[PDB]
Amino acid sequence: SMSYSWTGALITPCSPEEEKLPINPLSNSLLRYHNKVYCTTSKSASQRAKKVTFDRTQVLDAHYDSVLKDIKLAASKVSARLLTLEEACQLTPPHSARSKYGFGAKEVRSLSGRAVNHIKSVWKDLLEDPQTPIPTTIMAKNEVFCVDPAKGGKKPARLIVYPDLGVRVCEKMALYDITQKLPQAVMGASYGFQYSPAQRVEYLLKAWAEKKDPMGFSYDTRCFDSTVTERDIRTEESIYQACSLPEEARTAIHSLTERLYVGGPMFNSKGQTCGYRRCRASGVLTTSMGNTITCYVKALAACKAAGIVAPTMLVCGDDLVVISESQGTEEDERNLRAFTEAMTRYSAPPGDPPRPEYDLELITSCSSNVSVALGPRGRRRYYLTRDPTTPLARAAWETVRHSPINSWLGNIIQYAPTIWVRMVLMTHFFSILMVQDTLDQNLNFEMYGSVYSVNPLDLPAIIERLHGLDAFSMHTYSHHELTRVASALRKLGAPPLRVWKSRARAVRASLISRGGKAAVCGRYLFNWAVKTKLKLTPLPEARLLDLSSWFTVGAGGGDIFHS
C-alpha cells in the first residue's frame, strides 16, 4: 500500500509566508549571519510529498507476535475513563486552529454555545457512524533552521495532516486519559515522555551502568509516520481496547480509528481535494502515543530477532535509543545490521543506518545528549544538552517575528543548566523583555511537542524544581560541549561567549534594580557573570510548585495545553 495518493492539487498556505530572516538590530545582536537562517514554507511541500510517499510491505514473525501478546496483557491492567467535554475544552491550546463551523479555540476554552453544541453533534456522529472517513487538512509547516550545505542546502517543509477542531476535542474525550496511563503500563521505564530532562539523564546513566560492557545506538526510521501501516494502526486500537474502558469510549475509539486514524481524504487550505492518506496522521492526538507504542513493539521484537543482548530502550515517538551488552566490535556491527533487517521487515527501514557507540555522551536521543560539568563543591554533574544551532536560529527569528508559540522559552526551561542557555539565550531574552517592557507577562511555548504557559519571572523557581539549585552554579563544561557551542556561535555570526558575559553583567544589574521577582532572576540566573558570586539559597517557591507530571500530561505531543 502507498502511504499517500495525490490528486495533483497543490498544498497551499492559509497566510503569507516569509522564508528569510529579516535584518533587524534586535535579532542582529544575537547573530549576524541572517542569510543562513531560513523558514520552511509551502514552496517546498511537493518536495516533501515525494519523500513521504512510498509503498509499505510488512512481514511479521514470532518475535513480533510474542511482544504484541505481552503488551496486550500489560494493557489489560489499565482502567481509563472518558473526559468530560469541559475537561477536553480546557486542554485545547488558546491558539488551536479554528473550526470550519464558525468558532475557534477561544470559544472552545470559554465553552460558547455554538462551540459546545457543535462538539456534542460531532461526538454523537462518532458514536453512530463508524464508517465514513473524516476529512483532514494538509499543511506545510513553517519551521526555522540554519542552512547546512554539508548535508544539502535547505530542508523542505514538514507536512501536517489534521482534522477539524470539533473532532480534535472529541479525541481528548475518548483518548486523553489513555495517553496518561497506557504507555507506562505496557513499556514502563522505556516510555521517554514521562521524564523531565534530568530524569531522562538519570535513566540513560542507569541503563549505561547496568551493562558490563555498554554499547548504545539510536535508530532513525526514514519518515516513520509514512511507514506506519493500516494494520499497525488497527493493532494500536486493539491495544487501546485491551484497557478497561466504558462502552461509550470503546465505540468512539473504534470510530476514530476507522474514520480518522487508519486513513482518509486530505484537503488543502483552499478546500480542494489534495489526496488520500493510508498511514499515520501527523496531527492527531494519538500520533505520539501511537508512534511510541508501535516503535516499542517493533524495536523490542527486532532486538529479539537480532539477538541483541540485554537491551534497555528509551522510546519517544519515532525516536529510539537502545543500550545493551557489547558482544565485540564486529559482532555489534553484525547484530545492528540484523536489527535493521528485522525493523525493515516490520516496515520501519532506516534513514541513516545505525552505528554502534561506546561513549554515552555521543548518544543522541531526541536531538539531545548527556554531558557532564562540575557543580559547586566540585562534583561531577550530568545534564541534558544539544547542539544550539537550531534553538539559536529560532530564537533570532522569534525576536523579530512574534509567534503565539515561542521555541526559546521551552529551550531555556529544558536546557537550563547548559552553557548556551545560561550565557546566550537567558542574556538575550531578558534584555529583549526589558526593551519591550514585558517581563511580567505569561507566554505560550512548545515543549515535548505540546503547549505550556509560563511567566519568565518565575524561571528561577521552575529551574530549581526541574534541575536543582546546581543549575545556577555549574562550571568547567566538557571540551566536546565547549567546542560545539563555540563552533555554532561562529557559524551563525554570533558574539563569542566572552562578549555575552559582559552583556549579562549589565542585564543582571538592570534586573536587580527592578527589585521583586526580577531581582531574583538577576541574582539567580546570572550569578555566573559576576566576579564575586553570591551564595545562592534554595527558593521556597520552587517547593510549592508541582511539575511532577508536567511532562506526562503533555501526552508526548500535540494540540494539548497546560499552565
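Residue numbers run from 1 along the displayed sequence.
In this entry, 122-130 has the higher mean Cα B-factor, the comparison being between 421-429 and 122-130. According to the PDB record, 443-451 carries the higher mean C-alpha B-factor of the two stretches 220-228 and 443-451. Of the candidates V520, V507, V67, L534, the PDB record gives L534 the highest C-alpha temperature factor. As recorded in the entry, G113 carries the highest CA temperature factor of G283, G113, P391, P183. In the PDB entry, a CA B factor belonging to the highest third of its chain's modelled residues is recorded for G271. Ranked against the other modelled residues of its chain, the C-alpha B-factor of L26 as given in the entry falls in the highest third. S368: CA B factor in the middle third of modelled residues in this chain (values from the PDB entry). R98: CA B factor lies in the highest third for its chain, per the PDB record. In the deposited entry, the Cα temperature factor of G152 places it in the highest third of its chain's modelled residues.
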